[PDB]
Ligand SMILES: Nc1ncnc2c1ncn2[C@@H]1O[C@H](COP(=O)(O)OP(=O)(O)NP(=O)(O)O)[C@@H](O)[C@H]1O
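As structure tokens, one chain now follows by itself in the form deposited without the named molecule.
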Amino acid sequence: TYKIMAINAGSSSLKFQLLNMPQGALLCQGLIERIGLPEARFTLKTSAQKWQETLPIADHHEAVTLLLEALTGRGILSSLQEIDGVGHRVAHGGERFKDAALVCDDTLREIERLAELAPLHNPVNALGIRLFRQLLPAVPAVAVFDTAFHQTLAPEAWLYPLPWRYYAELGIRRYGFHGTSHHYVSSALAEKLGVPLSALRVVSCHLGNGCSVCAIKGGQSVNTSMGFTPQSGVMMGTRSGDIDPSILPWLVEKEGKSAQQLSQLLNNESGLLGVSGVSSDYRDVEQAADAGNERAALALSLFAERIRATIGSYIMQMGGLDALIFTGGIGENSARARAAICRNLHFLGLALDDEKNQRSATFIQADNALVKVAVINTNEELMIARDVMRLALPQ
């Protein structure tokens, strides 16, 4: 039994879980939020209790100190020396990282060089890597990149039909995100089916506040809906996903939009929120729509259609489909979203068993369907913990 800690460091937040490996048992979890601000809050939960306190938190250096102190102060560990490894989420690995990597000085050097591609995540990610290497210097660390799993994409899937200069010089290309989640629920599907993932043609739908679809064939990722940025792909909470690109020059000319206005538009004002006029939250739009809000209804309908269109592209690309996975907050819980997404797919041998779908059972395909349809809770922290074991305790 090994103690692995999963770390996710945001601009003003510190998310953490502590897992007993390899069973994957949650020992504790929690969140430090509004770091550096007033309002700063530290929330920590065990299998048995919850503690929550508002208190000033200077910087991440003080967020990590309070976390480490709480681990022994609450009896969760007898000592900090019981921590066998730490896994850090990293937004963007570029083309350099095909896998998680043991944290060393140059792995840090490179993650920082990649800030130009994830400017609002990668540096704080590396700061967490640095603080824990300072504060827990005897503990080995692994960086786990949200892009790594998509690096098996072939060029005809990641190259945009732009002038070659824009890839070769500027680095513009599809990278895709949610890699850890798609990777985790891919492997979990195959284990639950008792079949090697390399034997399956799989489409995975991560439907949360962020949404992405991924195609997995031969155990590798062969396409995914997010592109150069997590803005793109299907429609999400506040993100538009893919739109006619020629809309954007037209809004610059006709409405005098700055570069950042365009990006606030694409990332914060659109999606469920921009269409429904109600909310970014799926439950809220559904509540509005069920009461008679036609824009909320169309919102939910457009949302299912965008995902259906992406699924269709990837089935075509793989020449078939053996299984469809739903995950994330919407995918794990919304039997109605799953039903709207899965309707009228007899041409694939895909249909849902309504009783199992309403229950969000782990398998929900109809009895005589040829396509397995799985509802799998995603667990990026467990996946991260598994990558720590692999690269930092080969034992």
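Note that the rigid core is defined as the largest set of C-alphas that superpose within 1.5 Å between two forms. We number the residues from 1 along the sequence you see.
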Divergent stretch in 4 other deposited structures of this protein, 250-258 or 209-217 [C-alpha RMS, superposed by the core]: 250-258
Test item: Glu53 lacks coordinates in at least a third of other entries: yes
Coordinates lacking for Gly241, a third or more of other entries: no
Can you tell me whether 238-246 has a higher mean C-alpha B factor than 300-308 in this record, or the other way round? 238-246
Greater mean Cα temperature factor according to the PDB record, 280-288 or 103-111: 103-111
In this PDB entry, which of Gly179, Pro137, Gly320, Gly271 has the top CA B-factor? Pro137
Using only the C-alpha B-factors in the record, can you name which of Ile364, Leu350, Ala339, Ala40 has the highest? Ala40
Comparing against every modelled residue in the chain, figure out the third that the C-alpha B-factor of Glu82 lands in (lowest, middle or highest). middle
Can you work out whether the C-alpha temperature factor of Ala126 puts it in the lowest, middle or highest third of the chain? middle
Ranked by Cα temperature factor within the chain, is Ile32 in the lowest third, the middle third or the highest third? highest
Consider only the C-alpha atoms of the modelled residues in this chain, order them by B-factor as the entry records it, and name the third containing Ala374: lowest, middle or highest. lowest
Among modelled residues of the same chain, the CA temperature factor third for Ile7: lowest
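Not pictured, yet referred to below: the form solved in complex with the named molecule.
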Which listed residue (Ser187, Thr229, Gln287, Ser280) meets the criterion of a heavy atom within 4.5 Å of the named molecule in the deposited bound form? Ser280
Using a 4.5 Å heavy atom cut-off, which residue among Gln264, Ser313, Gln220, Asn209 comes into contact with the named molecule in the deposited bound form? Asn209
Can any non-hydrogen atom of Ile330 be found within 4.5 angstroms of the named molecule in the deposited bound form? yes
Would you check, heavy atoms only and a 4.5 Å threshold, whether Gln365 touches the named molecule in the deposited bound form? no
So in the deposited bound form, is the named molecule close enough to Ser334 to count as touching (4.5 Å, heavy atoms)? yes
Report whether the minimum heavy atom distance between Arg239 and the named molecule in the deposited bound form is within 4.5 Å. yes
Only one of 110-118, 124-132, 78-86, 321-329 has residues with a heavy atom within 4.5 Å of the named molecule in the deposited bound form, and that stretch is 321-329
